[PDB]
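Form deposited in one PDB entry, single chain, as structure tokens, below.
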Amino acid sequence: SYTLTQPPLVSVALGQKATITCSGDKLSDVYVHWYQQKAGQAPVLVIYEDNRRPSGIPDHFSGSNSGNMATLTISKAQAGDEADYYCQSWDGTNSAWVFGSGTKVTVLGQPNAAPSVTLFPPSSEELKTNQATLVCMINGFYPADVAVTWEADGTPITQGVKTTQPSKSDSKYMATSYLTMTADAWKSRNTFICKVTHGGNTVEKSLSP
């Protein structure tokens, strides 16, 4: 049951060194390989056998494998280098190929912008169905990673929640979070809140029936 540990995210301003690290038991015994993957596309072999390039790949990728850490270097990062990156290896113990947990390398190319939140109440038209859907819409933020929390009368609300993944609009990212529930379990409560976290900033919007 071999598993390769990989840090999930790696921010880096354009033209800086990005380092992604892959861990294992005796990772230097076996060869490591790295694949780049851009949203909705097949992986591409960027590095193989620890520190080797296939033809066609840029010279600004560079790998190494010592101790128990494999590492993929991106020197002088660019907009087109941003992607999900995956390390990989073989293991004899049980004949199988094992993939790393993946490192989403984000290449920052503009100021980090705060989100604009809008929290909509349920519609009369929906409430006649005896249902209630709150819509917390998040706009104009960068980079593309937010964290949403819901809270009713000051007690964290998890169940019934679902959030879209981020998605690029014009120049910045956008996302929504929904809270689904019964029509009267909305009318009962005093106040609802969606908390949208981004960077080291929280933005809050209230909604009280």
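Numbers for residues come from their place in the sequence shown, where the first is 1.
Visitor: Should the higher mean CA B-factor in the entry be assigned to 134-142 or to 93-101?
Guide: Higher of the two, by average CA B-factor, is 93-101.
Visitor: Would you mind comparing 84-92 and 106-114 for me and telling me which has the higher average C-alpha temperature factor in the entry?
Guide: According to the entry, 84-92 carries the higher average C-alpha B-factor.
Visitor: Looking at 177, 36, 68, 167, which has the biggest Cα B factor in the entry?
Guide: Highest CA B-factor of the listed options: 68.
Visitor: Would you mind finding, among 47, 152, 148, 44, the residue with the largest C-alpha temperature factor in the entry?
Guide: Highest CA B-factor of the listed options: 152.
Visitor: For the chain shown, is the CA B-factor of residue 173 in the lowest, middle or highest third of its modelled residues?
Guide: Lowest third of the chain for residue 173's C-alpha B-factor.
Visitor: Among the chain's modelled residues, which third holds the C-alpha B-factor of residue 11?
Guide: Its C-alpha B-factor belongs to the lowest third of this chain's values.
Visitor: Which third of the chain does residue 185 land in by C-alpha B-factor: lowest, middle or highest?
Guide: Highest third - that is where residue 185 ends up once the chain's C-alpha B-factors are sorted.
What comes next is about the form deposited in another entry, which is not displayed.
Visitor: At which of 133, 108, 164, 149 does the chain hinge as its rigid parts turn between this form and the one not shown?
Guide: Comparing the two forms, the hinge falls at 108.
Visitor: Looking in the other entry, are the Cα atoms of residue 138 and residue 79 closer together or farther apart than here, the change being 3 Å or more?
Guide: Between the C-alphas of residue 79 and residue 138, the gap narrows in the other entry (3 Å or more compared with this form).
Visitor: Are residue 110 and residue 59 closer or farther apart at their Cα atoms in the other entry than shown, with the shift being 3 Å or more?
Guide: Distance between the C-alphas of residue 110 and residue 59: shorter in the other entry, by 3 Å or more.
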